[PDB]
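Remarks on the structure that follows.
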Amino acid sequence: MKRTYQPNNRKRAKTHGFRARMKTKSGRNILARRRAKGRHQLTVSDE
Amino acid sequence: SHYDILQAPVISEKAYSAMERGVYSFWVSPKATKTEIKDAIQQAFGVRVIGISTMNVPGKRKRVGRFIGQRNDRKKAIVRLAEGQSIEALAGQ
Amino acid sequence: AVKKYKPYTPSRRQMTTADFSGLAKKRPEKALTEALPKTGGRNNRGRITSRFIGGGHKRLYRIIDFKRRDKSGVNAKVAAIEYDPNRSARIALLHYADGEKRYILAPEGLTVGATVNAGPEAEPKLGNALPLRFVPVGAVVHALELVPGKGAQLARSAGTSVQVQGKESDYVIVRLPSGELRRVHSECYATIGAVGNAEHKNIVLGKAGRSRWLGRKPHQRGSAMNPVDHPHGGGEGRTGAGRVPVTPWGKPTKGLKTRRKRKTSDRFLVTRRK
RNA sequence: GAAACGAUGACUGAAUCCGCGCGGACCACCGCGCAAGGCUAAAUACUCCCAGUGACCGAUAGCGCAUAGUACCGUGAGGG
RNA sequence: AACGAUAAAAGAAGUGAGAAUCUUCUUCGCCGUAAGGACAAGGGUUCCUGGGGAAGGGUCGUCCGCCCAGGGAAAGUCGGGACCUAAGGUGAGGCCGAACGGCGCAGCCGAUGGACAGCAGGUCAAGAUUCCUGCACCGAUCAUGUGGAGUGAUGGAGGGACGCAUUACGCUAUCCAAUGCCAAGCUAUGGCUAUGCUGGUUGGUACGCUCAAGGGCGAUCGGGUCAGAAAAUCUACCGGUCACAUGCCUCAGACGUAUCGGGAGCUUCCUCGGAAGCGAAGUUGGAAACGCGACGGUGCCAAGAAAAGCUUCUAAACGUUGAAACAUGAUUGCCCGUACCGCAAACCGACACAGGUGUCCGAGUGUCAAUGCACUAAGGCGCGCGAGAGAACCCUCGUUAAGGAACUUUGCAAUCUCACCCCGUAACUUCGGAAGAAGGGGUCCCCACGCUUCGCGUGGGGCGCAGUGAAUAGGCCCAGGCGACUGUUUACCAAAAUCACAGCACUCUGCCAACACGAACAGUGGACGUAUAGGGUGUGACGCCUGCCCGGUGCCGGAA
Ligand SMILES: [Mg+2]
Ligand SMILES: [Mg+2]
Ligand SMILES: [Mg+2]
Ligand SMILES: [Mg+2]
Ligand SMILES: [Mg+2]
Ligand SMILES: [Mg+2]
Ligand SMILES: [Mg+2]
Ligand SMILES: [Mg+2]
Ligand SMILES: [Mg+2]
Ligand SMILES: [Mg+2]
Ligand SMILES: [Mg+2]
Ligand SMILES: [Mg+2]
Ligand SMILES: [Mg+2]
Ligand SMILES: [Mg+2]
Ligand SMILES: [Mg+2]
Ligand SMILES: [Mg+2]
Ligand SMILES: [Mg+2]
Ligand SMILES: [Mg+2]
Ligand SMILES: [Mg+2]
Ligand SMILES: [Mg+2]
Ligand SMILES: [Mg+2]
Ligand SMILES: [Mg+2]
Ligand SMILES: [Mg+2]
Ligand SMILES: [Mg+2]
Ligand SMILES: [Mg+2]
Ligand SMILES: [Mg+2]
Ligand SMILES: [Mg+2]
Ligand SMILES: [Mg+2]
Ligand SMILES: [Mg+2]
Ligand SMILES: [Mg+2]
Ligand SMILES: [Mg+2]
Ligand SMILES: [Mg+2]
Ligand SMILES: [Mg+2]
Ligand SMILES: [Mg+2]
Ligand SMILES: [Mg+2]
Ligand SMILES: [Mg+2]
Ligand SMILES: [Mg+2]
Ligand SMILES: [Mg+2]
Ligand SMILES: [Mg+2]
Ligand SMILES: [Mg+2]
Ligand SMILES: [Mg+2]
Ligand SMILES: [Mg+2]
Ligand SMILES: [Mg+2]
Ligand SMILES: [Mg+2]
Ligand SMILES: [Mg+2]
Ligand SMILES: [Mg+2]
Ligand SMILES: [Mg+2]
Ligand SMILES: [Mg+2]
Ligand SMILES: [Mg+2]
Ligand SMILES: [Mg+2]
Ligand SMILES: [Mg+2]
């Protein structure tokens, strides 16, 4: 049957993207929080 | 400058056969405009170009031990000149 | 008056349709058709607000002018009577000797080819746009505005009449289709006559579908819902309220007045609607 | 609470030296005080980073890592 | 236990340390509106070549979608951008709000849509409307000539500009037939000796007084200021005038001619089999699109985007011995996308998983028709354990004496029925229906006759148990309960008598409406609607109807 994850480049970028995350204080707060954890993958646009 | 733009010649059965019909093939800087490439080849070889085509080429992703990585993305440029003009340093080849 | 249908499908007996044989078969004016997107009854915060709206045929808007003061003095002729989807009334096209084309609500009787005149100096015949005071008493009229030049806000849906009870102060006593009596500034324009279509009240929808073609999503009985969903929800069967009839939000329906208690307009209402 | 005093949201709004504000309702007396104008280092806090030390740990311990926020899981936040 | 669909395998030959699994040959079997082909989304080198074999492969592997290396992807014309706007997202100013922030006109972003110049072939081991060949096209800049006075925006107008069902005429793609044309060779096993058999049978471009259905069509003068902010040869009004049948205009496609390809095969060389060279014919008859002519015709009600490019007119402007416009020539041609998988072993499902995945193409014979069913072409595949056995028992199937629901909670299950033609057909009813009610007959082959052909009727003859001869393929009825009806629902134990429904009633709401979302005197829905409208509540087609009780409670109204 049709499963949850149904890949869509533009979806992913527009939703979990760097521009997206920067558009809001809470997403900015993710960015900083992640940087802090030392993630290789700051954000989806890093893939 | 000019010379910076032309990274290397393309070496392969294909490319040789191409130069044998007077058509040459260069590994270029990924950002290069086709006009920039045209002009560059002209200055570097004093050759008039009548036709170019280019192509961005994703570098092969390879692995060394546990380390997975990508090679540099490149760009291939194919040029064809007029007058059956040839380029010596790469014709004998 | 209405088109009927032999019962060749079950939902085709009761069904009826309007009479269009008097509508000049015309596409609306390219210079007068606006784009009307729909809304789910959703507002700029995205929430359903107006409840049970959706679907239905695609609609273009046809710009109308109600305040005819733009073209007062000069007169036009009736070019045609076309169909408008977003209004209960049929509408009609105007060709001025002036050269402009306009759209006005189309009143009961008024035929194609007639001429009509806006502005204070105009006869009490069908279609003329007069200030209220210049209207002979007891006249039948519609398209009444509530402020001079603001535009017709009263008597617009099909087959509706306003009957001037008669002059007074600066103002004129007016009879509203609800049966309510109102005071309206005599400087306000109006247009002579009953509204039209008029047989509209008699058409029969017939099949669920028809509701959907008119962009009306099905309407949900509270009693079917659940406690969590709505006051009338719950119980172990078909149940009768178990409390006063009440809206989703809890305020009493059936009988509870709602018009705001202290309001400016009140001293212009001479008799409540009844 | 017998509720002083500061503090404002609403309404209202006095004296300037024999004047003004306090002293735990409130009055007299006796005492302390000069509101509605501003800045100010020092002692104090913390520890990403640096150095020294240890009746701290030595590979299931010690940081999650003898390094990795990687592999891996998750659409994502995030976990690891 | 299991090795992931019961579509199926056999032999030879090769290779190799080792082969049921790899390679070749010959067959066999399975898909063929697909299990074939082409896009999109997604994936990311999985493509090609050469090598490898630890692990990954449900066995084995010498093989692979795995591992290593190297190659491979070419665009002025296809798709996106340098153009356009929709929902939506934004948004100086501006409107609100403890803060972060919420709105918000113009403008702007935003394809799933508008717009827009290239076709036919060839070939790498791997690319092709990109490269090569052949001949077109587009804008832009300049030169030479035709120039010989206009050019026309950031504003105006025209235009772009749109639905559903049905349908007439002409054509193409395309498929069929043949003692048409062309090419090859053979005589099998009783016969045929070609009149048998196999295969092929026109794509682009240009021109042509050849054919051609269909489709598009007002012109001009003048008047009116008041309409288009203003302007205006433009537009819209009003008026006048112009030989209705049509001609004015267009030419899907056809024929012809010429030319550029292609073309069955033929040849030659040769290196687990490719390389080049060559080249025949082009008929007549028939079928036929959802494609094209096309923005066609008719009918319907629920009444069917926007903006730019485009055409037209002035404003301003610079001109008016260089203004548009044309012809030829030269020049120029950016950016990203193109490999491969792409109904799947390469995407989503932890798997090389019986699931899921949007659009186009989708041949023949037979069958009333068909994208149905059987077989099949092209193409693709035999589903990555195998071999024997031929017990119980289990699953999926075939048939079954006599009986026929005796079974059981219940005919649950399984059978019977089954297509098309003709005959025939009840109660009941809202006169539509019930209805394919029920029931009976027919169906194949030959021959003659008639008719409108692919066909059918009539007559007579023929063969079998049987003639929709195999596959697709309704069992029917009588009588209740509930719901009127088509519809809807509990993803993963309930599809129903649930919900919705057309109809009906009560009630509120006079428009800054009631009502609703909101930090909020913002904004928004309601609704660019206006009481024949809108909200809330109950009832639930239709028909006959819908009684008694206002004490309690709630609503409307009263007032000492
Ligand atoms: Mg390119
Ligand atoms: Mg590799
Ligand atoms: Mg209702
Ligand atoms: Mg329920
Ligand atoms: Mg409740
Ligand atoms: Mg209840
Ligand atoms: Mg105080
Ligand atoms: Mg140890
Ligand atoms: Mg076993
Ligand atoms: Mg298997
Ligand atoms: Mg088997
Ligand atoms: Mg050997
Ligand atoms: Mg096998
Ligand atoms: Mg062999
Ligand atoms: Mg396929
Ligand atoms: Mg790619
Ligand atoms: Mg193995
Ligand atoms: Mg070997
Ligand atoms: Mg491969
Ligand atoms: Mg080209
Ligand atoms: Mg916003
Ligand atoms: Mg698009
Ligand atoms: Mg194009
Ligand atoms: Mg384009
Ligand atoms: Mg036809
Ligand atoms: Mg044809
Ligand atoms: Mg024959
Ligand atoms: Mg013989
Ligand atoms: Mg624009
Ligand atoms: Mg490809
Ligand atoms: Mg799974
Ligand atoms: Mg398998
Ligand atoms: Mg599968
Ligand atoms: Mg077909
Ligand atoms: Mg077929
Ligand atoms: Mg089939
Ligand atoms: Mg085959
Ligand atoms: Mg395949
Ligand atoms: Mg038996
Ligand atoms: Mg028997
Ligand atoms: Mg019995
Ligand atoms: Mg059964
Ligand atoms: Mg009958
Ligand atoms: Mg029958
Ligand atoms: Mg017999
Ligand atoms: Mg018989
Ligand atoms: Mg059956
Ligand atoms: Mg039902
Ligand atoms: Mg049903
Ligand atoms: Mg369920
Ligand atoms: Mg069920």
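Chain lettering (A, B, ...) mirrors the order of the structure tokens, residue numbering begins at 1 for each chain separately, and ligand numbering begins at 1 in order of display.
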
### Query
Hey, what's within 9 Å of residue 58 in chain B if we count only C-alpha atoms (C1' of nucleotides) and toss same-chain stuff fewer than 2 positions away? As a list in words, please?
residues 56, 60, 61, 70, 71, 72, 73, 74 and 75 of chain B

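Here is the contact set of chain E against chain B, at 10 Å and counting only C-alpha atoms (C1' of nucleotides): residues 44, 45, 70, 71, 72, 73, 74, 75, 124, 130, 131, 333, 334, 335, 336 and 338 of chain E.
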
Residues at most 10 Å from residue 8 in chain C, counting only C-alpha atoms (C1' of nucleotides), excluding those fewer than 3 positions away in the same chain, as a list in words? residues 5, 11, 12 and 13 of chain C; 432 and 433 of chain E

Give me, as CSV, each residue of chain A that comes within 10 Å of chain E, together with its shortest interatomic pair and the distance in Å at one decimal, counting only C-alpha atoms (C1' of nucleotides), with rows ordered by chain and rising residue number.
residue,atom,partner,partner_atom,distance
A:1,CA,E:356,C1',4.4
A:2,CA,E:356,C1',4.3
A:3,CA,E:348,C1',6.1
A:4,CA,E:348,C1',8.0
A:5,CA,E:348,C1',6.4
A:6,CA,E:348,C1',5.8
A:7,CA,E:42,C1',6.3
A:8,CA,E:42,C1',7.3
A:9,CA,E:42,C1',8.6
A:24,CA,E:100,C1',9.5
A:25,CA,E:100,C1',7.3
A:26,CA,E:100,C1',9.3

Problem - chain B: residues DSSP assigns to alpha helix (DSSP H), reported as number ranges by chain - result: B: 2-5, 13-20, 34-45, 88-91

Dump of N, CA and C atoms for the selected residues, as an mmCIF file, in the first residue's frame:
data_model
loop_
_atom_site.group_PDB
_atom_site.id
_atom_site.type_symbol
_atom_site.label_atom_id
_atom_site.label_comp_id
_atom_site.auth_asym_id
_atom_site.auth_seq_id
_atom_site.Cartn_x
_atom_site.Cartn_y
_atom_site.Cartn_z
ATOM 1 N N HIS B 2 42.942 33.869 -19.072
ATOM 2 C CA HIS B 2 42.692 32.974 -20.193
ATOM 3 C C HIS B 2 43.100 31.535 -19.898
ATOM 4 N N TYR B 3 44.404 31.295 -19.816
ATOM 5 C CA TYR B 3 44.949 29.957 -19.574
ATOM 6 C C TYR B 3 44.366 29.232 -18.344
ATOM 7 N N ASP B 4 43.873 29.989 -17.369
ATOM 8 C CA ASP B 4 43.304 29.398 -16.164
ATOM 9 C C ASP B 4 42.080 28.548 -16.483
ATOM 10 N N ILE B 5 41.284 29.052 -17.418
ATOM 11 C CA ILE B 5 40.003 28.476 -17.788
ATOM 12 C C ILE B 5 40.121 27.051 -18.346
ATOM 13 N N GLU B 13 39.325 7.419 -26.421
ATOM 14 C CA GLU B 13 39.056 6.940 -27.774
ATOM 15 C C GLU B 13 38.193 7.942 -28.562
ATOM 16 N N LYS B 14 37.099 8.346 -27.920
ATOM 17 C CA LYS B 14 36.172 9.319 -28.469
ATOM 18 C C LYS B 14 36.882 10.585 -28.917
ATOM 19 N N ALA B 15 37.542 11.246 -27.972
ATOM 20 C CA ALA B 15 38.135 12.550 -28.219
ATOM 21 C C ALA B 15 39.153 12.546 -29.366
ATOM 22 N N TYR B 16 40.037 11.542 -29.387
ATOM 23 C CA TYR B 16 41.013 11.399 -30.467
ATOM 24 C C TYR B 16 40.276 11.336 -31.766
ATOM 25 N N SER B 17 39.319 10.420 -31.860
ATOM 26 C CA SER B 17 38.609 10.286 -33.125
ATOM 27 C C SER B 17 38.041 11.644 -33.555
ATOM 28 N N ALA B 18 37.586 12.403 -32.563
ATOM 29 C CA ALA B 18 37.039 13.724 -32.829
ATOM 30 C C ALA B 18 38.079 14.652 -33.438
ATOM 31 N N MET B 19 39.263 14.722 -32.841
ATOM 32 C CA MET B 19 40.287 15.606 -33.388
ATOM 33 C C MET B 19 40.682 15.140 -34.794
ATOM 34 N N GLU B 20 40.631 13.831 -35.033
ATOM 35 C CA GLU B 20 40.880 13.305 -36.373
ATOM 36 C C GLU B 20 39.843 13.841 -37.350
ATOM 37 N N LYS B 34 29.989 29.706 -22.219
ATOM 38 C CA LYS B 34 30.459 29.160 -23.479
ATOM 39 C C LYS B 34 31.224 30.223 -24.248
ATOM 40 N N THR B 35 30.795 31.478 -24.157
ATOM 41 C CA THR B 35 31.504 32.548 -24.856
ATOM 42 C C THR B 35 32.899 32.695 -24.280
ATOM 43 N N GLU B 36 32.979 32.656 -22.955
ATOM 44 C CA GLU B 36 34.254 32.717 -22.254
ATOM 45 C C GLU B 36 35.186 31.603 -22.755
ATOM 46 N N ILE B 37 34.642 30.400 -22.925
ATOM 47 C CA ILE B 37 35.414 29.250 -23.401
ATOM 48 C C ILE B 37 35.866 29.446 -24.839
ATOM 49 N N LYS B 38 34.951 29.925 -25.673
ATOM 50 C CA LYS B 38 35.210 30.192 -27.082
ATOM 51 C C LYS B 38 36.389 31.144 -27.220
ATOM 52 N N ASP B 39 36.223 32.326 -26.633
ATOM 53 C CA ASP B 39 37.281 33.323 -26.599
ATOM 54 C C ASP B 39 38.601 32.735 -26.072
ATOM 55 N N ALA B 40 38.554 32.054 -24.928
ATOM 56 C CA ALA B 40 39.751 31.472 -24.323
ATOM 57 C C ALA B 40 40.495 30.538 -25.267
ATOM 58 N N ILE B 41 39.765 29.646 -25.922
ATOM 59 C CA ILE B 41 40.402 28.714 -26.840
ATOM 60 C C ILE B 41 41.024 29.478 -27.998
ATOM 61 N N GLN B 42 40.298 30.469 -28.510
ATOM 62 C CA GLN B 42 40.835 31.296 -29.588
ATOM 63 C C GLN B 42 42.172 31.935 -29.204
ATOM 64 N N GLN B 43 42.205 32.686 -28.106
ATOM 65 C CA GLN B 43 43.449 33.328 -27.671
ATOM 66 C C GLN B 43 44.564 32.312 -27.461
ATOM 67 N N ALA B 44 44.234 31.186 -26.847
ATOM 68 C CA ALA B 44 45.270 30.234 -26.489
ATOM 69 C C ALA B 44 45.774 29.482 -27.701
ATOM 70 N N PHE B 45 45.049 29.540 -28.812
ATOM 71 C CA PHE B 45 45.460 28.747 -29.970
ATOM 72 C C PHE B 45 45.408 29.492 -31.297
ATOM 73 N N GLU B 88 48.408 22.041 -32.863
ATOM 74 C CA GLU B 88 49.579 21.166 -32.930
ATOM 75 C C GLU B 88 49.883 20.399 -31.645
ATOM 76 N N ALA B 89 49.878 21.106 -30.519
ATOM 77 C CA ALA B 89 50.288 20.521 -29.242
ATOM 78 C C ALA B 89 49.381 19.364 -28.825
ATOM 79 N N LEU B 90 48.275 19.197 -29.544
ATOM 80 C CA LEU B 90 47.283 18.193 -29.197
ATOM 81 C C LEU B 90 46.839 17.369 -30.405
ATOM 82 N N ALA B 91 47.393 17.665 -31.576
ATOM 83 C CA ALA B 91 46.993 16.958 -32.794
ATOM 84 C C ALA B 91 47.787 15.659 -32.972
#

If the limit is 7 Å from any atom of ligand 14, counting only C-alpha atoms (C1' of nucleotides) and all ligand atoms, which residues qualify? Return them as a list in words.
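Answer in the requested format: residues 13, 24 and 25 of chain E.
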
Generate a file of the selected residues that holds N, CA and C atoms (P, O5', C5', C4', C3', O3' and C1' of nucleotides), formatted as a PDB file, in the first residue's frame.
ATOM      1  P     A E  13      28.669 -31.847 -26.467  1.00  0.00           P
ATOM      2  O5'   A E  13      29.181 -30.399 -26.852  1.00  0.00           O
ATOM      3  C5'   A E  13      29.289 -30.070 -28.222  1.00  0.00           C
ATOM      4  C4'   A E  13      29.482 -28.603 -28.384  1.00  0.00           C
ATOM      5  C3'   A E  13      30.516 -27.990 -27.463  1.00  0.00           C
ATOM      6  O3'   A E  13      31.841 -28.254 -27.861  1.00  0.00           O
ATOM      7  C1'   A E  13      28.597 -26.658 -27.452  1.00  0.00           C
ATOM      8  P     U E  24      25.053 -15.164 -24.937  1.00  0.00           P
ATOM      9  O5'   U E  24      25.314 -16.337 -25.957  1.00  0.00           O
ATOM     10  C5'   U E  24      25.828 -16.029 -27.230  1.00  0.00           C
ATOM     11  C4'   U E  24      26.224 -17.275 -27.945  1.00  0.00           C
ATOM     12  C3'   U E  24      25.097 -18.021 -28.591  1.00  0.00           C
ATOM     13  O3'   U E  24      24.709 -17.399 -29.790  1.00  0.00           O
ATOM     14  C1'   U E  24      26.549 -19.529 -27.511  1.00  0.00           C
ATOM     15  P     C E  25      23.171 -17.431 -30.189  1.00  0.00           P
ATOM     16  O5'   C E  25      22.961 -18.967 -30.546  1.00  0.00           O
ATOM     17  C5'   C E  25      23.633 -19.454 -31.690  1.00  0.00           C
ATOM     18  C4'   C E  25      23.488 -20.936 -31.867  1.00  0.00           C
ATOM     19  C3'   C E  25      22.080 -21.427 -31.984  1.00  0.00           C
ATOM     20  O3'   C E  25      21.541 -21.187 -33.259  1.00  0.00           O
ATOM     21  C1'   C E  25      23.259 -22.814 -30.507  1.00  0.00           C
TER      22        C E  25
END

When the cut-off is 12 Å and you count only C-alpha atoms (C1' of nucleotides) and all ligand atoms, which residues lie near ligand 3, shown as number ranges by chain? C: 52, 208, 211, 216-222; E: 500-505, 536-540

Would you tabulate, counting only C-alpha atoms (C1' of nucleotides) and all ligand atoms, all residues of chain E that have an atom at most 12 Å from an atom of ligand 26, showing the closest pair of atoms and their distance in Å to one decimal, sorted by chain then ascending number, as CSV?
residue,atom,partner,partner_atom_place_in_ligand_line,distance
E:171,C1',ligand 26,1 (Mg),8.8
E:172,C1',ligand 26,1 (Mg),5.9
E:173,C1',ligand 26,1 (Mg),7.2
E:174,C1',ligand 26,1 (Mg),7.1
E:175,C1',ligand 26,1 (Mg),9.7
E:253,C1',ligand 26,1 (Mg),10.3
E:254,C1',ligand 26,1 (Mg),10.7
E:286,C1',ligand 26,1 (Mg),11.4
E:287,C1',ligand 26,1 (Mg),10.2
E:288,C1',ligand 26,1 (Mg),8.8
E:289,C1',ligand 26,1 (Mg),11.7

Residues of chain E within 7 Å of chain C, using only C-alpha atoms (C1' of nucleotides), as an NGL selection string?
:E and (226-227 or 236-238 or 302-305 or 432 or 485 or 500-502 or 506-508 or 514 or 516-517 or 524-526 or 530-533 or 536-537 or 554-555)

Excluding same-chain residues fewer than 3 positions from range 138-148 of chain E, what lies within 8 Å of it counting only C-alpha atoms (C1' of nucleotides), as a VMD selection string? chain E and resid 76 to 77 117 322 326 to 327 330 to 332

Next item on the list: State, in Å with one decimal place, the distance from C1' of residue 6 in chain E to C1' of residue 61 in chain E.
Entry: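 If I compute the distance from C1' of residue 6 in chain E to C1' of residue 61 in chain E, I get 26.1 Å.
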
Collect all residues with atoms no farther than 9 Å from ligand 22, counting only C-alpha atoms (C1' of nucleotides) and all ligand atoms, and output them as number ranges by chain. E: 80, 111-113

Take the residues that were just selected and, keeping C-alpha atoms (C1' of nucleotides), output them as a PDB file, in the first residue's frame.
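Generated output (part_31.pdb):
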ATOM      1  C1'   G E  80      13.012  25.460 -17.438  1.00  0.00           C
ATOM      2  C1'   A E 111       3.308  26.413 -12.988  1.00  0.00           C
ATOM      3  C1'   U E 112       0.149  22.428 -12.323  1.00  0.00           C
ATOM      4  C1'   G E 113      -1.556  26.908 -16.946  1.00  0.00           C
TER       5        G E 113
END

Env of residue 33 in chain A: 12 Å cut, atoms = only C-alpha atoms (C1' of nucleotides), seq-sep filter 3 positions within chain, self excluded. Answer as a PDB file with C-alpha atoms (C1' of nucleotides), in the first residue's frame.
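File written: around_27.pdb
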ATOM      1  CA  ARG A  21      14.413  27.668   8.753  1.00  0.00           C
ATOM      2  CA  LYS A  25      12.951  32.847  15.036  1.00  0.00           C
ATOM      3  CA  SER A  26      12.167  29.255  15.963  1.00  0.00           C
ATOM      4  CA  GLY A  27      13.860  27.953  12.839  1.00  0.00           C
ATOM      5  CA  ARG A  28      16.786  30.261  13.493  1.00  0.00           C
ATOM      6  CA  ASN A  29      16.761  28.631  16.937  1.00  0.00           C
ATOM      7  CA  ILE A  30      16.986  25.220  15.308  1.00  0.00           C
ATOM      8  CA  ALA A  36      25.953  23.776  18.602  1.00  0.00           C
ATOM      9  CA  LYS A  37      25.426  19.989  18.491  1.00  0.00           C
ATOM     10  CA  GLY A  38      28.094  19.870  15.793  1.00  0.00           C
ATOM     11  CA  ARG A  39      25.873  18.232  13.176  1.00  0.00           C
ATOM     12  CA  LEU A  42      22.743  21.526   9.562  1.00  0.00           C
ATOM     13  CA  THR A  43      19.782  21.412   7.224  1.00  0.00           C
TER      14      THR A  43
ATOM     15  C1'   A D  77      11.999  18.787  15.519  1.00  0.00           C
ATOM     16  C1'   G D  78      15.157  15.330  17.135  1.00  0.00           C
TER      17        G D  78
END

**Nearby polymer residues, ligand 11, at most 12 Å, only C-alpha atoms (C1' of nucleotides) and all ligand atoms, as an MDAnalysis selection string** = chainID E and resid 5:9 382:383 385:387

Please identify the residues whose atoms come within 10 Å of ligand 30, using only C-alpha atoms (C1' of nucleotides) and all ligand atoms, and report them as a ChimeraX atom specification. /E:47,73,127-128,338-340

Write a file of the selected residues as a PDB file, in the first residue's frame, keeping C-alpha atoms (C1' of nucleotides).
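Listed below is the output, result_1.pdb:
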ATOM      1  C1'   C E  47      24.815   3.238 -18.251  1.00  0.00           C
ATOM      2  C1'   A E  73      25.987  12.592 -21.159  1.00  0.00           C
ATOM      3  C1'   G E 127      24.691  10.727 -26.476  1.00  0.00           C
ATOM      4  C1'   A E 128      21.216  12.473 -30.145  1.00  0.00           C
ATOM      5  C1'   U E 338      19.642  15.530 -21.208  1.00  0.00           C
ATOM      6  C1'   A E 339      23.691   8.830 -19.251  1.00  0.00           C
ATOM      7  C1'   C E 340      20.752   4.778 -16.949  1.00  0.00           C
TER       8        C E 340
END
